[PDB]
Amino acid sequence: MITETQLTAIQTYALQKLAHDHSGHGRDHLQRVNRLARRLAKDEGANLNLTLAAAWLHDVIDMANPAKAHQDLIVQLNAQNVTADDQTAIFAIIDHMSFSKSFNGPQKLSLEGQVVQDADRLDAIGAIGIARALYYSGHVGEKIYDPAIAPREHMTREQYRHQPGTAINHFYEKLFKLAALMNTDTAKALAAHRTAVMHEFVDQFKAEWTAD
Amino acid sequence: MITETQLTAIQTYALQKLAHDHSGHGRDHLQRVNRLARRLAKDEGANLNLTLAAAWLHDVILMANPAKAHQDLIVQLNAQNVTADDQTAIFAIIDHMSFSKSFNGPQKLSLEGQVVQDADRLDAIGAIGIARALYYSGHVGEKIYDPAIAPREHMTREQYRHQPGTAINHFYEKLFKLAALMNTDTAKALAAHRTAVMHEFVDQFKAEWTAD
């Protein structure tokens, strides 16, 4: 199983890879998902170090050339007395959690995996979720909204990942669902108060838009 | 004054120069402000064509090279035989209605100016303001929040435009004051159902950040 001084090795690796990010997944996001991952691990008594490990890393991926990403991570993983069993587990979590995959059938997950998916999704919803949502869109010149394009119902991972929608529609395509798919239990009660604000913003948004 | 033909031309000019905006100042923004300027102008009995004209042209001049931009809009107004006095009345507004300016001391405005300003700000608050606000931070790479950094209080022309702040600080530093600064009676009213949302956002954002 992973070790404390290896985790920090992973932490160090994850942060640098994400300095100068400017997309909504920088230190603050990493540390917050990390800080949530931590408390969470306990509420379920899951393997911390493996949990926090995947937590810092899930994102370092997602990236212009996804392949380049993995490799380098495997490399770094290696030069750190990483065990191949501690590695696979990592990619098991980090490679079967992100929403996009749910469009390929709900792939059951590890406990500590479920603890990550939760902590990661918790920081994508709420007021902070709203901010990251649009900040990211503005970092991509993505159409914020268009009363002419409805939110896509049944998508495909390819569409979701390649086809462009509207920042507003993102709430309806994924941001509004993460609270009812939250794995933990403590996460759930935390997802509740974090869903009411997103709606206060979307309805408010469309009301205002329609008024104008 | 400004003729219906020149007006349309200016509209055409504006929308072209703001294509590929990706900062929250593209065609929707322009249209929302426009449509707002028109209602407000009428309620106040303001000269319509000067108003929209100045409304259409405020953002055009976000600009890497402002000089270049100014020296472009004239080429256009000139190509449209807009009269001297009319050209003067257009810069009179645009160039002396921004909040950034107000720092250099209180500057009196026209009625058409107060209307353009109220229209422009009216679209920088409410859910839409929230969206556009952070959507801009994504675009520029600005920081979303930093408990260490607190909202400036005695800003100056430069500080505000040169020295970048945090996204949240912008509500405190600017957006939260607009509705009190609104000029039009019709606007003060409208600016009244557009503050509660921004406040719920900055509040829920700091509640969620600390919680973690």
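Can you tell me about the overall build of chain A, naming the residues and giving the values?
A tally of regular secondary structure across chain A gives 12 helices and zero strands. Reading the helices (α) and strands (β) of chain A from amino to carboxyl end gives α-α-α-α-α-α-α-α-α-α-α-α. Relative to its length of 212 residues, chain A is compact, with a C-alpha radius of gyration of 18 Å against a globular reference of 17 Å. Principal axes of the C-alpha set define a box for chain A whose edges measure 60 × 35 × 30 Å. A buried classification covers 50% of the 212 residues belonging to chain A. Summed over its atoms, the accessible surface of chain A is roughly 10000 Å², and 53% of this surface lies on carbon and sulfur atoms.

Go over the environment of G138(B) with me, naming the residues and quoting the values.
Within the secondary structure, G138(B) is located in helix 8 (residues 126–140). Accessibility expressed as a relative area gives 1% for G138(B), which makes it buried. Sequence separation of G138(B) and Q80(B) is 58 residues, and the distance between their C-alpha atoms is 37 Å. Setting aside its immediate chain neighbours within four residues, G138(B) contacts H22(A), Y135(A), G138(A) and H139(A).

So, the interface of chain A and chain B: which residues are in play, and what are the values?
Facing the 32 residues of chain A at the interface are 30 residues of chain B. The largest share of the area that chain A buries against chain B comes from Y135(A), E208(A) and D212(A), three residues that together contribute 25% of it. Counting the contacts that link chain A with chain B gives two salt bridges. Linking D212(B) and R194(A) is a salt bridge whose minimum nitrogen-to-oxygen distance equals 2.6 Å. Where chain A meets chain B, there are 12 residue pairs in polar contact.

I'd like a description of the domain arrangement of chain A, backed by residues and values.
Residue and element names in this part refer to chain A. Per the domain assignment, the segments of chain A are domain 1 (2–96) and domain 2 (98–212). Contacts between the two partners involve 28 residues from domain 1, matched on the other side by 23 residues from domain 2. The tally of links between domain 1 and domain 2 comes to one salt bridge. Here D123 and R32 are joined by a salt bridge, their closest N and O atoms 2.7 Å apart. The interface formed by domain 1 and domain 2 contains eight residue pairs in polar contact. Within the residue set of the side of domain 1 that touches domain 2, elements represented by two or more residues are helix 2 (27–44), helix 3 (48–57) and helix 5 (84–94). Looking at the side of domain 1 that touches domain 2 element by element, the count peaks at 10 residues for helix 2. Partitioning the side of domain 1 that touches domain 2 into residue classes produces 11 nonpolar, 10 polar and seven charged.

Go over helix 10 (residues 167–175) of chain A, please, and point to the residues and values.
All names here are of chain A. Burial analysis of helix 10 places seven of its nine residues in the buried class, the great majority of the element. Buried residues of helix 10: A167, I168, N169, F171, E173, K174 and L175, and no others. Lining the buried residues of helix 10 we find helix 6 (99–102), helix 8 (126–138), helix 9 (157–162) and helix 12 (196–211).

Residues and numbers for the domain arrangement of chain B, please.
Residue and element names in this part refer to chain B. In terms of domains, chain B is made up of domain 1 (2–96) and domain 2 (98–212). When each unit is reduced to the centre of its C-alpha atoms, the spacing between domain 1 and domain 2 is 22 Å. In this assembly, 28 residues from domain 1 lie in contact with 23 residues from domain 2. Regarding the contact of domain 1 and domain 2, the summed buried area is about 2300 Å², with carbon and sulfur atoms giving 62% of it. Counting the contacts that link domain 1 with domain 2 gives one salt bridge. Where domain 1 meets domain 2, there are 10 residue pairs in polar contact. Counting only elements with at least two residues in the side of domain 1 that touches domain 2, the list comes to helix 2 (27–44), helix 3 (48–57) and helix 5 (84–94). The leading source of residues in the side of domain 1 that touches domain 2 is helix 2, at 10 residues.

The rules behind these values
- Residues numbered from 1 in each chain as written, not as in the entry; some residues may be left out.
- Chains lettered and ligands numbered in written order.
- Heavy atoms only, no water.
- Helix = DSSP H or I, 4+ residues; strand = E, 2+ residues; numbered from the N terminus.
- Rg over C-alpha atoms; globule rule 2.2 N^0.38 Å.
- Buried < 20%, exposed > 50% of the residue type's maximum accessible area, 1.4 Å probe, protein only.
- Areas by Shrake-Rupley, 256 points an atom, 1.4 Å probe, with all protein chains shown as cover.
- Contact = heavy atoms within 4.5 Å.
- Buried area = accessible area lost by both parts, 1.4 Å probe.
- Salt bridge = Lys/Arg side-chain N within 4 Å of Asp/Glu carboxyl O.
- Polar contact = N/O pair within 3.5 Å; in protein donor to acceptor, adjacent residues only side chain to side chain.
- Domains from an automatic or database assignment.
- Nonpolar A, V, L, I, M, F, W, Y, C, P; charged D, E, K, R; others polar.

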